[PDB]
Amino acid sequence: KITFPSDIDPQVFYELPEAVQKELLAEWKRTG
């Protein structure tokens, strides 16, 4: 189950490099 912040778009997010995806997902996991 993936949860994108209320200010992050899924099409503009997946367009980001993986290293950026993991760091952003790891931050989403810390907050939830």
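Listed as the method for this PDB entry is solution NMR.

In the PDB, the structure is listed with the title "Solution Structure of the Ubiquitin-Binding Motif of Human Polymerase Iota".

(A) Expanded view of the side chain of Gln21. You can see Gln21 is positioned in helix α2 (residues 18-31). Exposure remark for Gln21: the relative accessible area of 10% places this residue in the buried category. When near neighbours in sequence (up to four residues on either side) are disregarded, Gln21 contacts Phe13, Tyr14 and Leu16.

(B) Structural context of a nonpolar patch on the surface. Taken together, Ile2, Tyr14 and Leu25 make up a surface patch of nonpolar side chains, about 270 Å² in accessible area. Mapped onto the elements, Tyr14 comes out in the loop between α1 (10-13) and α2.

Cut-offs and rules
- Residues numbered from 1 in each chain as written, not as in the entry; some residues may be left out.
- Heavy atoms only, no water.
- Helix = DSSP H or I, 4+ residues; strand = E, 2+ residues; numbered from the N terminus.
- Buried < 20%, exposed > 50% of the residue type's maximum accessible area, 1.4 Å probe, protein only.
- Contact = heavy atoms within 4.5 Å.
- Patch = residues over 30% accessible without salt bridge, like charges linked within 9 Å, V, L, I, M, F, W, Y side chains within 5 Å.
- Areas by Shrake-Rupley, 256 points an atom, 1.4 Å probe, with all protein chains shown as cover.
- Salt bridge = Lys/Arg side-chain N within 4 Å of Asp/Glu carboxyl O.

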